[PDB]
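Next up, structure tokens for two forms of one chain, structure 1 and then structure 2.
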Structure 1
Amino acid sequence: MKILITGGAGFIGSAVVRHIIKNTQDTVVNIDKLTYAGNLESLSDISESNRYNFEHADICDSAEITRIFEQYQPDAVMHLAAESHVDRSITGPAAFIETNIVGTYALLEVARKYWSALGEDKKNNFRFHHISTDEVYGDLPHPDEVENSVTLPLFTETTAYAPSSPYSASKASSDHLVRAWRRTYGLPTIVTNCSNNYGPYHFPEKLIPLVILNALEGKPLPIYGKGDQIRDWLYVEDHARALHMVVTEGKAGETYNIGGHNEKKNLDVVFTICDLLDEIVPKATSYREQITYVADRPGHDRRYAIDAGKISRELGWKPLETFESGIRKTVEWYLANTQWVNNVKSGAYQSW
């Protein structure tokens, strides 16, 4: 099966691509415009495969995307390209509106023409799988708002949308566009919403990687506000496996939430990392001593937690890692990958 993937040089995207090439019979054409977020080095031990093809393009460029579809005759699409940085363009567009909304619209129109011009067989098997975030659901009650032993609510596929940031609002919109094209034109679409990913090849400035690296450089490990914030951490390699499962076995018109089956406070994440770093790599003092509390960010969602029961029940997917086993692997990865980290920090990675 040939899978056309957008955002393939990204954090999650690269995990998806590496998975398909290393563990499946499928082939992939990766469409990525390589913004500051893309990294071809994250695909380095896969880019020589004859089952992999790279196309340097912007999903907003219809002409180019149309060409690529016509040339590769994809059996399915996995849409991961997105802008997570909220900017403020002078002239016009803010990249996140352009890429996340207009880009999804643009891609949907190319895929619609392509799909409708297919033959009965290939047309009934085609799938447009849209990758999204749990942030579209808004916020959940926090443990300290609900008093003693009351079972807290979880995000399910029928939880109402309630975006609270420009980024999540832009993703919620792309979600709506994907579902409307299905109901209006009959396009084969599927939508998945996942929680926070962590793991190998995550950029240096991200939360978990930042704690691990600052720890090592003898710098401040920040805990924001009370370290209050609750998030459901999903290991990237697990997300990657769920996504391929969904695109190949997912049912058109369905939605699937994906999560790591856990819930953790930021403070717990920082401490867990320090404990691992004390076990592996011991030193003259505990890494804990660099922990420092810092600024809180205004009206931020207090708790995200996903109920992944549906995907388990219907497709049989469950994470293979636990936060414990996953975090350990992550720390080990950063310790063994200084080169990759340094190329990102120096900018060297943007030279292909």
Structure 2
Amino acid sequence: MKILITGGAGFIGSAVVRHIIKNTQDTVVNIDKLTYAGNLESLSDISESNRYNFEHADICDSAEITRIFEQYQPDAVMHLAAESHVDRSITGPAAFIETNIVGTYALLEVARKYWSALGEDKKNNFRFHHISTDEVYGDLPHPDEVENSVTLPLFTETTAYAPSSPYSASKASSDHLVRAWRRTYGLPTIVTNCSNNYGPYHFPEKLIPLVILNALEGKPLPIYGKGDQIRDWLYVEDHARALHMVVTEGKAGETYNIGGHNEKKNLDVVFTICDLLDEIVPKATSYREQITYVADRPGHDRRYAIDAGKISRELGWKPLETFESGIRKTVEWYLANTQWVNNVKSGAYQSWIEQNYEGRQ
């Protein structure tokens, strides 16, 4: 099967591309604009494959995207291209509205026209897989807000949308467009909403990779508020396996939440990374001494937790890593890939760090 993937040069996208080329017989055409988050180095291990092709393009460029669809004749689409950082969306929402909402709209129109003109066979089997986030569901009650006996709620596929940030509002909106295109035009769409991802090739602006790199560089490890906020951590390679399973076996019109049921408090994750580094790269003092509390994120969602029961019983997907095994693999990966890390740390990255962290709130 020929799969057209947008955002394949990103964190999760590159994992999807590497997985497809290494463990399947499908082919891939990767469309990526190469923003600050795009990195062809993350695809170095498969870029030479005859089953892989790269197209440097913007999903908003309708004419070019249209041409690419006609050239490669994809059997399915996996849409991961997006602006993904909540903190960047707070100070610069425009890029999120543009890429996440308008860009998904532009891609949907190209896909709709393409799909509509396909032969009976190919048309019935075509699939448009929209990759999304658990953040569209809003925030969940926190353990410190309920009785120490009551069972905390989880995000299910029927949980009402209630996005808190420009980023999550942008993704929620994109999800709606995908479903409306399905209901109105019949386009065979599938939507997945996954918990936080972590692992190899993660851009150093998200919690885990930022903490790992800052720790090694002797810099502060910024904790928003009290660090008691909760996130559900899924290893990126596990997400990638789930995504290929969904695009291949998922049912059109369905939604599948993806997660490994691994709720963790931010501070706990940071301590875990620090202890791992104290063990692997010991120095005079503990990396813990770099933990630093800083002003909280405006509108911060205090708890995300995904119920992946549906995808488990319907597709049989199960994560292979545990947070313990995954976080160690992640720390080990960054220590073994200083080449990749040094390249992704440009003056642009430093400017973002100064913008979001120095003189912070």
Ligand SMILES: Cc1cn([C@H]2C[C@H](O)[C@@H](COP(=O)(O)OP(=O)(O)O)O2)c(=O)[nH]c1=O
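The first residue in the sequence of structure 1 is number 1, and each one after it adds one. Rigid core here is just the name for the largest C-alpha set that superposes within 1.5 Å across the two forms.
Asker: Of structures 1 and 2, which one represents the form solved without thymidine-5'-diphosphate?
Answerer: Pick structure 1; the other is not the form solved without thymidine-5'-diphosphate.
Asker: Can you tell me which of these residues, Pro220, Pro166, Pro141, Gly253, is the one whose C-alpha shifts by at least 2 angstroms between the two structures after a rigid core fit?
Answerer: Result of the comparison: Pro220.
Asker: After a rigid core superposition, would you say the CA of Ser84 moves by 2 angstroms or more between the two structures, or not?
Answerer: Superposed on the core, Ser84 moves its C-alpha 2 Å or more between the two structures.
Asker: Indicate whether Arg313 shows a C-alpha shift of 2 Å or more between the two structures, with the rigid core used for the fit.
Answerer: No, shifts by less than 2 Å.
Asker: Taking 2 Å as the cut-off, check whether the CA of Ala63 shifts that much or more between the two structures after a rigid core fit.
Answerer: Not so; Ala63 is displaced by less than 2 Å.
Asker: Can you read me the CA shift for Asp278 between the two structures, rigid core superposed, in Å?
Answerer: Its C-alpha shift, to one decimal, is 2.6 Å.
Asker: Relative to the superposed core, what is the Cα shift for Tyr304 between the two structures, in Å?
Answerer: Value for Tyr304 between the two structures: 0.2 Å of C-alpha shift.
Asker: Rigid core superposed, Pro93 Cα shift between the two structures in Å?
Answerer: Shift of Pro93 at C-alpha, rigid core superposed: 8.6 Å.
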